[PDB]
């Protein structure tokens, strides 16, 4: 079968030279519509982004959107069982920057998360999830405005590697035999009818993630980088991550001991600000983000903890449905709606397009088109403050004007 992707007539491919993006005034940007409500949120995103771009650069710049496939629609386009075409992986890497709506993975076919598949296949080792409060957002906590963090979640290793064997399977038995007999393992409480999973954490995987986190704090003049881990129980994976992260701060960024330790100060080479590098045990951290959110800023953590932390933080600022996210690697980046596919509402034009729209904001910023990105943030802030919102917000507040998904995209534009 031939590619069903149509490369835009007008439009030029973004290139990368010396680790820096070279973006034309007419970049071709691949986008995956997304399953379920992607059908509602993606069009709203396309419209909002084009407006921000038009408004910021007076027509001098324009994105040439190119639809690519993954998920249910992909099976619809490329046929039964083509959930993630090789061409989509090729195209994202080729065009450098892309965006996607939500995706779901089918059950019953032994297929692993398509979202994780994209991340791992493309080596997008940074899952970047910034979490801030938008004034006017109905929140479950008393002071959501104190929350302004940026999560750098390691995206290529940890238990997400997908290395595991089913209880009673011959492989699981093989692995357990090896562990008990050759490794001398005596700690498996119940070796029978036992599932086994492997959790890897490497020096290189950890340092490239933390390096990106510290560079981000420097580039954005943030106040601190917190290494979140459960190293007191998992000494060689989680504790190693913490150790390697502080070691990198010291080796590459001149981090030096604060008082008697364990924290370090890294001087911002551009503002002279001293960035604090510290660490918090993961369970305690889930308490600290609620109790002393003002003390945290950039967070660097492993894959699973980051999955939990980003979800917990989004919920607390009332942002469960408008949380932006990006998956960034050294050769390309994939921005994404971070919520689910909500099939019950799909096609109804009712869900909140705020998440994919703020992911588009991150995308534009990544492309260096910061004026367009600032217009989207400004639009999002005014629409929400205007209390002209979608049902998920409206139902939690008084005096709100209920808007459809499409209408909220307009409201964002009306507020740029």
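Positions refer to the first chain, counted from 1.
According to the deposited model, is the average Cα temperature factor higher in 294-302 or in 267-275? The entry gives the higher C-alpha B-factor average to 267-275.
- Message: Tell me which stretch has the larger mean Cα B-factor in this entry, 170-178 or 305-313.
- Response: The recorded data point to 170-178.
Original post:
Looking at 346, 281, 131, 118, which has the highest CA B-factor as recorded?
Top reply: Answer for 346, 281, 131, 118: 346, with the highest C-alpha B-factor.
>> Between 147, 237, 105, 155, which one tops the list for Cα B-factor in this entry?
In response: Going by the entry's C-alpha B-factors, 105 comes out highest.
Is residue 40 in the lowest, middle or highest third of its chain when residues are ranked by C-alpha B-factor? CA B-factor rank for residue 40: middle third.
**Request:** Give the position of residue 161 by CA B-factor within its chain, expressed as the lowest, middle or highest third.
**Result:** Residue 161: CA B-factor falls in the middle third of its chain.
Practice item. For residue 94, return the chain-relative third of its C-alpha B-factor as stated in the PDB record: lowest, middle or highest. Key: Top third by C-alpha B-factor.
| query | Lowest, middle or highest third: where is residue 253 by Cα B-factor in its chain? | reply | Answer is middle: the recorded C-alpha B-factor places it there.
Relative C-alpha B-factor of residue 338, binned into the chain's lowest, middle or highest third
As the PDB entry reports it, the C-alpha B-factor of residue 338 lands in the lowest third of its chain.
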